[PDB]
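Novice: My questions all concern the structure below.
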Amino acid sequence: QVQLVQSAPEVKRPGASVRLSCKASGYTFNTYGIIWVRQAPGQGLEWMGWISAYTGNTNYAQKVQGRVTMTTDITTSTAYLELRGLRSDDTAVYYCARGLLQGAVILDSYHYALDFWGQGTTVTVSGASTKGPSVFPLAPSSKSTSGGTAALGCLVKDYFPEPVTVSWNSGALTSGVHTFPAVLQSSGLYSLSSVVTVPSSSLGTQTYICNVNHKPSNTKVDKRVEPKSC
Amino acid sequence: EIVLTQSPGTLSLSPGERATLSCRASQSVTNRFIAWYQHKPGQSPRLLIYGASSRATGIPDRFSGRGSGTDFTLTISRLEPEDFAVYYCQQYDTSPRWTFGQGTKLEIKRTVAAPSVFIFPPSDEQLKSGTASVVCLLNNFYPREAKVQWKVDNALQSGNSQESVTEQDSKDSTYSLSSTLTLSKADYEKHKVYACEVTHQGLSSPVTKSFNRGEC
Amino acid sequence: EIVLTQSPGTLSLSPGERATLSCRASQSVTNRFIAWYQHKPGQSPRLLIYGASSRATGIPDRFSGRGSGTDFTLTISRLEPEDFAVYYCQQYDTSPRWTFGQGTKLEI
Amino acid sequence: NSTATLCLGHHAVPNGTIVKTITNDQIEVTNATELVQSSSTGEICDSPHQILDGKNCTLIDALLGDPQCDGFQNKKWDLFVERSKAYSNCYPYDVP
Amino acid sequence: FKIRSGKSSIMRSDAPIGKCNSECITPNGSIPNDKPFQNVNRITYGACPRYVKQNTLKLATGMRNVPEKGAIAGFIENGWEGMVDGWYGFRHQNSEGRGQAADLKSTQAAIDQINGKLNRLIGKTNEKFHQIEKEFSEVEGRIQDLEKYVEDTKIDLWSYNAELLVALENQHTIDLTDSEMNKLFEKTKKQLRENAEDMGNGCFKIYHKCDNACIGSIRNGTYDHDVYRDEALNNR
Amino acid sequence: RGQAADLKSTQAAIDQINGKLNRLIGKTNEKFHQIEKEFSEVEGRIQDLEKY
Amino acid sequence: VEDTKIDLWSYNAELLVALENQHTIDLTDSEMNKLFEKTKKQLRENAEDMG
Ligand SMILES: *[C@@H]1O[C@H](CO)[C@@H](O[C@@H]2O[C@H](CO)[C@@H](O[C@@H]3O[C@H](CO[C@H]4O[C@H](CO)[C@@H](O)[C@H](O)[C@@H]4O)[C@@H](O)[C@H](O[C@H]4O[C@H](CO)[C@@H](O)[C@H](O)[C@@H]4O)[C@@H]3O)[C@H](O)[C@H]2NC(C)=O)[C@H](O)[C@H]1NC(C)=O
Ligand SMILES: *[C@@H]1O[C@H](CO)[C@@H](O[C@@H]2O[C@H](CO)[C@@H](O[C@@H]3O[C@H](CO[C@H]4O[C@H](CO)[C@@H](O)[C@H](O)[C@@H]4O)[C@@H](O)[C@H](O[C@H]4O[C@H](CO)[C@@H](O)[C@H](O)[C@@H]4O)[C@@H]3O)[C@H](O)[C@H]2NC(C)=O)[C@H](O)[C@H]1NC(C)=O
Ligand SMILES: *[C@@H]1O[C@H](CO)[C@@H](O[C@@H]2O[C@H](CO)[C@@H](O[C@@H]3O[C@H](CO[C@H]4O[C@H](CO)[C@@H](O)[C@H](O)[C@@H]4O)[C@@H](O)[C@H](O[C@H]4O[C@H](CO)[C@@H](O)[C@H](O)[C@@H]4O)[C@@H]3O)[C@H](O)[C@H]2NC(C)=O)[C@H](O)[C@H]1NC(C)=O
Ligand SMILES: *[C@@H]1O[C@H](CO)[C@@H](O[C@@H]2O[C@H](CO)[C@@H](O[C@@H]3O[C@H](CO)[C@@H](O)[C@H](O[C@H]4O[C@H](CO)[C@@H](O)[C@H](O)[C@@H]4O)[C@@H]3O)[C@H](O)[C@H]2NC(C)=O)[C@H](O)[C@H]1NC(C)=O
Ligand SMILES: *[C@@H]1O[C@H](CO)[C@@H](O[C@@H]2O[C@H](CO)[C@@H](O)[C@H](O)[C@H]2NC(C)=O)[C@H](O)[C@H]1NC(C)=O
Ligand SMILES: *[C@@H]1O[C@H](CO)[C@@H](O)[C@H](O)[C@H]1NC(C)=O
């Protein structure tokens, strides 16, 4: 079937240049153009530019006219987007949807719209050094914290860059597990918090341990969560 | 350029109700352009309605599009759990250009639910590092509108906290929120009372959870 | 091609009676074309009506062309023995093509 | 020989349609679109304009309250489709 | 009762009521709202095409269809039926042999012009809800004559406008498609300069040693007059 | 290097544009009495025709 | 009604006359230019354009 496969997630330093790839399968590549649209964190979709496979013509957004260069390759149906002079605002998820039919006259509005979309590639641009996370436990509170509900968690702090994968008790606990989206701290290192609710009686019976994996740093840390006693 | 404005920005509606989403054009545009797209969290955006009213292949017939000139609308009937997402609206300039829309969020399902509030004091190890983090957690609360105020020795603190919210939970369609207060170790030691106050629609009286420094 | 259908194929009238012939065109024609001819047996065809309603030079005033669009008519007032013949519909188009008609016979 | 040749040409279709220029009545073209709709589905579609089938009642008859139109009482419509089979069963009425 | 200023209206028709979606409604039935002109019935409700008396109006979406007849020919009076990859192209008879290729850029430029024209015609929709009635059951004298005249004059004026638009757009289409080819001819002439001459027919008679690479260099735009210049021996 | 602009061709184009503009911007429609589109009430046959 | 119809028809006729006249002039001149080009092609390198 018609399918679009994008490039891999990338991490870049401010002022560098990044190249992104988009590959087309099934439909004849030369007939339709490739159109790149990006989504900044907490922002709507934003058009960047359009490249044609039939013609070499390119049109770029006004905000990125100077810094953007787009290319096409017939063999084998590969579209390249190069962004230079990367800035912190360029951190976003970049998509590559199929574009207008550049082979024949057009009456259906289907070719005048973006139809088949790629998975998207996440580009994070920041000057921070890659850093493994530090895990600090969030202890169950005294007074049982509630009559029958106990809350415990793990704080994942000072990690760069995303993603982190957090599992509880090696996947045994899947009920009530909440993993909040990361927040960018002022220092530039992401921070995250994961919590889960367990019965108050079970606090003594079961030991609760949170597992944190950070593939970019190749660091995996497991911390026991226990109620503090004095 | 041709800026597009999307009406209502957030819409809440129980399953099985018709929904109308509005896209307003700064200038008149032919019905040929102005297509309608769907974005599901963590997933690539999808095309629902191309042109003005035509239905894209594989799109349920419940989805319908309509409109002319400045005003364009998307109507969904028999709202099912697959439908809940963010929706976008776009058009085309003669030299290829695609102005998109701000984004209408269909956060939906109802049953006002009271938040469960818990407070977590900083660990001693983090204190050894020199940075202290106090965490206030709101669990299983609806609607998503909630206000958390930080009180240190009955003193309001502004600008020293950050907040993070989960998406709709599939099981109960509830939200969860976390507020983190970041302070230095010396500032943490300078005060003994730490509290977070939560005001919510479910709670008639604001609920405050507190701890005393060096006292468990 | 453009097809002109004449009517009636055979018309029998008494001498001294008006006769009306009808030619319907497949497609609309500007009155600048569609002309009417006469073919007495054993003789060369004669041009009666050129244009749409203009008599040719040296044609009796009784012959009267008329009509517009799809339908065109030729009316003969006070039919006389000279008039017995077969009458032919004609059109014309930009690339010269003179599509004729089947013909109507006056069995007076 | 060291002399080649390069010809510049266009495309043609074996199946040609005919359009009208300003000057020539008949000029042949490859693909021609039709700008005039000259057909009907045969059925009046209910969506997205609210249609009320008049059935046996004219709008005036429904307004008056002729018993056959009892069903149409207090109804909202966007296009009342009056029907040719309209008949009245009540006191003879003339409306200036 | 309630009297509201509104867009609801009434229509006299016997057509069945079905289940479907269509913006335009006419007494015969619902008709597509795409095509800019219609010839079904003057009575309309909704975003309906303008009514014109003409049955078929043809808007050209392609260039003039010129047929074709060892040797090869050019745009002068011949048109290659076999060319299918693109609208305009280059054919060649070099030492290796005859070959055919298509210029993508010119084809898509002309097609884009046609596309913009088409977009300006088909997309528009005229929204009209409540109107006069043109079907009259009885003879009413004065008022009937006026409103009948209104619709008749409106129909005639719109029909003339439609014919003018169609003819003008067709003429522009044909002129543009021919001009694109003539532009390709002049560009190739500039690039060849001293090493070629127009052979009457569209075929450029070029006198220099050309391999397949030479033809490729002509089309992609790298044929340099200096590299092949010494073959100016043409005159001698 | 230097630039000198041909005045003759420039003014030929300007003359043609002047002609078309002069044809367009001198319009006067002297039409006094007409019908109205302000209706404080609703009438029926006349109003529907007047608006159309 | 009559005034509107007369003015609209008159404008349509004026536009028609203008456009058709322009087309006739363009057609007549274009044929001559094409004849010049064909004569040049036939003469080949035997003569130049005198100006
Ligand atoms: C010549 O110029 C015309 C006018 O602009 C262009 O117009 C249309 O091009 C498309 C092809 O992409 C065709 O649109 C299709 O029309 C169908 C309606 O059915 C009619 O047409 C078919 C022939 O296509 C007839 O067999 C049929 O009886 C009807 O007369 C729709 O059903 C299509 O929708 C979708 O259908 C399938 C669903 O599986 C999809 O896969 C398709 O991709 C499509 O999206 C579609 O709307 C249409 O026929 C063309 N119109 C005309 C008048 O020809 C031509 O593209 C252009 N051609 C060239 C070579 O230049
Ligand atoms: C190439 O082979 C194709 C077969 O695939 C043929 O293409 C068809 O050509 C005809 C003629 O252009 C198209 O038919 C229709 O033309 C109507 C009016 O034109 C004439 O049509 C016939 C045929 O000559 C005449 O007898 C008649 O008197 C007319 O003068 C239009 O009314 C049609 O448009 C509308 O048709 C229906 C009916 O109302 C509507 O529902 C439609 O929506 C549309 O609005 C149509 O244009 C036909 O479209 C062509 N088909 C295709 C697939 O292209 C060619 O004949 C053939 N060419 C050669 C040279 O052999
Ligand atoms: C809108 O308007 C239509 C048309 O007027 C109404 O439909 C009519 O409804 C009445 C009531 O049911 C029908 O009256 C029946 O007539 C039958 C004989 O009619 C036949 O012949 C006429 C022509 O003379 C045909 O038009 C018709 O189709 C028939 O073929 C009787 O046999 C019926 O008697 C029934 O009841 C008795 C009870 O004692 C039984 O003994 C009988 O066996 C039988 O079951 C009855 O009298 C009338 O025929 C209908 N007309 C049509 C055209 O269908 C709609 O009701 C009206 N309203 C709405 C909302 O649509
Ligand atoms: C959509 O609905 C409209 C409206 O109902 C419909 O248009 C109408 O069609 C009828 C039938 O073709 C027209 O009535 C004709 O009028 C002409 C002119 O007076 C007559 O010449 C016709 O006579 C026919 O029958 C004769 C039998 O002896 C033949 O000798 C003769 O040659 C004709 O074949 C016929 O009475 C009517 O005028 C129109 N218009 C209106 C406003 O009613 C239309 O056909 C429907 N369908 C479509 C696709 O639009
Ligand atoms: C233009 O087309 C030619 C067709 O052969 C391409 O190939 C080059 O041909 C020149 C001939 O002088 C050689 O010198 C080059 O070595 C050839 N290059 C390759 C990669 O084969 C040529 O690449 C094309 N140029 C462009 C810019 O696309
Ligand atoms: C449609 O046919 C009629 C003749 O019945 C004619 O008046 C009209 O010009 C035709 N429209 C065309 C050929 O576009």
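Residue numbers (the authors' numbering), protein chains in the order written: chain A, 1 to 230; chain B, 1 to 216; chain C, 1 to 108; chain D, 8 to 103; chain E, 258 to 326, 333 to 499; chain F, 361 to 412; chain G, 413 to 463. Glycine included, each C-beta is placed from N, C-alpha and C at the ideal position.
(1) For the beta strand (DSSP E) that contains B/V135, what are its first and last residues?
(2) Name, please, each residue of chain B whose Cβ falls closer than 9 angstroms to the Cβ of E/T416.
(3) Within the 7 angstroms Cβ cut-off, does B/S68 reach chain E?
(4) Just curious, the beta strand (DSSP E) that A/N211 is in, first and last residue?
(5) How many angstroms separate the CA atom of B/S68 from the CA atom of B/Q6?
(6) Could you name the residues of chain J that E/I374 contacts, counting a contact when the two beta carbons are closer than 9 angstroms?
(7) If we cut at 7 angstroms on Cβ distances, does A/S217 have a partner in chain B?
(8) So residue 331 of chain E is in the alpha helix (DSSP H); what residue range does that whole segment cover?
(9) Given 8 angstroms as the limit, is there contact between the segment 396-410 of chain E and the segment 458-465 of chain E, that is, 3 or more CB pairs closer than that?
(10) Among residues of its own chain, excluding the 5 on either side of A/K228, which ones have a beta-carbon nearer than 7 angstroms to its beta-carbon?
(11) For C/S54, which residues in the same chain have their Cβ closer than 8 angstroms to its Cβ, ignoring the five residues on either side in sequence?
(12) Can we count C/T70 as close to ligand 6, meaning its CB is less than 6 angstroms from some heavy atom?
(13) If the cut is a Cβ gap below 8 angstroms, which residues of chain E does G/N424 touch?
(14) Can you name the start and end residues of the alpha helix (DSSP H) that B/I34 belongs to?
(15) What residues from chain B crowd round A/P161, counting only those whose CB sits closer than 7 angstroms?
(16) Would you say A/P9 and A/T122 are within 7 angstroms of each other, going by their C-beta atoms?
(17) With hydrogens ignored, establish whether the beta-carbon of A/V105 is closer than 6 angstroms to any heavy atom of ligand 1.
(18) Using CA atoms only, rank isn't needed, just tell me which of B/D172, B/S123, B/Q162 and B/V117 is closest to B/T208.
(19) Can you check whether the C-beta of residue 328 of chain E is within less than 7 angstroms of a C-beta belonging to chain F?
(20) Of the residues that make up the segment 21-55 of chain A, which ones have a beta carbon closer than 9 angstroms to any beta carbon in chain E?
(21) Please classify A/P199 as buried or exposed, where buried requires at least 16 neighbouring CB atoms within 10 angstroms.
(22) Relative to the alpha-carbon of A/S217, which residue among A/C154, A/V225 and A/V164 has its alpha-carbon at the smallest distance?
(23) Which residues have a Cβ closer than 6 angstroms to any heavy atom of ligand 5, listed in chain order?
(24) Leaving out the 5 sequence neighbours to the left and right, which residues in its chain are closer than 8 angstroms to E/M268 when beta-carbon positions are compared?
(25) Using the beta-carbon count (16 or more within 10 Å), is E/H393 buried or exposed?
(26) Is the distance from the Cβ of A/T58 to the Cβ of A/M48 below 7 angstroms?
(27) Can you list, in chain order, the residues of the segment 27-38 of chain D whose Cβ is nearer than 7 angstroms to any Cβ on chain C?
(28) Alpha carbons only, please: which of B/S205, B/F211 and B/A35 is nearest the one belonging to B/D153?
(29) Against chain F, does E/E410 count as a neighbour if the rule is that its beta carbon must be under 7 angstroms from one of theirs?
(30) Taking 6 angstroms as the line, does the beta carbon of D/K62 fall inside it for any heavy atom of ligand 3?
(31) Which residues neighbour ligand 4 when neighbourhood means a C-beta less than 5 angstroms away from any of its non-hydrogen atoms? List them by chain order.
(32) What residues of chain E sit near B/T94, judged by a beta carbon separation below 7 angstroms?
(33) On a CA-only basis, which of E/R482, E/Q454 and E/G479 is nearest E/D489? Give me that one, please.
(34) Contact check, C/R24 vs C/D71 under 8 angstroms by CB: the rounded distance?
Specialist: Quick answer:
(1) Bounds of the beta strand (DSSP E) holding B/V135 are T131 to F141.
(2) What E/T416 touches in chain B: nothing, since even the nearest Cβ is about 27 angstroms away.
(3) Answer yes: the Cβ-Cβ gap between B/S68 and chain E drops below 7 angstroms somewhere.
(4) Element bounds for A/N211: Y208 to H214.
(5) Each residue's Cα considered, the two are about 15 angstroms apart.
(6) Absence of chain J from the displayed structure is noted, the protein chains being A, B, C, D, E, F and G.
(7) No, no contact with chain B.
(8) Shown without residue 331 of chain E, the model has chain E running from 326 straight on to 333.
(9) Too few Cβ pairs lie closer than 8 angstroms, so no.
(10) Excluding sequence neighbours, A/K228 sits near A139.
(11) Result list for C/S54: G65, in chain order.
(12) Yes, Cβ of C/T70 sits closer than 6 angstroms to a heavy atom of ligand 6.
(13) Residues of chain E passing the Cβ test: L420, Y423, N424 and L427.
(14) Neither: B/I34 is in no alpha helix (DSSP H) and is coded neither H nor E.
(15) Those within 7 angstroms of A/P161 in chain B number zero; the least Cβ separation is about 17 angstroms.
(16) The answer is yes: Cβ separation under 7 angstroms.
(17) For ligand 1, a non-hydrogen atom lies closer than 6 angstroms to the CB of A/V105.
(18) Answer by Cα proximity: B/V117.
(19) Residues lacking coordinates in chain E include everything strictly between 326 and 333, among them residue 328 of chain E.
(20) Listed by position, the residues of the segment 21-55 of chain A near chain E (Cβ gap below 9 angstroms) are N30, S52, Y54 and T55.
(21) Per the 10 Å Cβ criterion, exposed.
(22) The residue with the shortest Cα to Cα distance from A/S217 is A/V164.
(23) Answer in sequence order: E/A476, E/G479, E/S480, E/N483 and E/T485.
(24) Annotation for E/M268: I282, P284, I300 and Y302 place their beta carbon closer than 8 angstroms to its own, counting only its chain and skipping 5 residues before and after.
(25) Classification for E/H393: exposed.
(26) Taking 7 angstroms as the Cβ cut-off, A/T58 and A/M48 do not qualify as a contacting pair.
(27) Only those residues of the segment 27-38 of chain D whose C-beta falls short of 7 angstroms from the nearest C-beta of chain C are listed: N31, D32 and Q33.
(28) Minimum Cα distance to B/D153 is reached at B/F211.
(29) At least one chain F Cβ lies under 7 angstroms of E/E410.
(30) Yes, Cβ of D/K62 sits closer than 6 angstroms to a heavy atom of ligand 3.
(31) The filter returns E/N285, E/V297 and E/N298, in chain order.
(32) Chain E residues near B/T94: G379.
(33) Here the closest residue by C-alpha is E/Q454.
(34) Yes, C/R24 and C/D71 are in contact; Cβ-Cβ is about 5 angstroms, under 8 angstroms.
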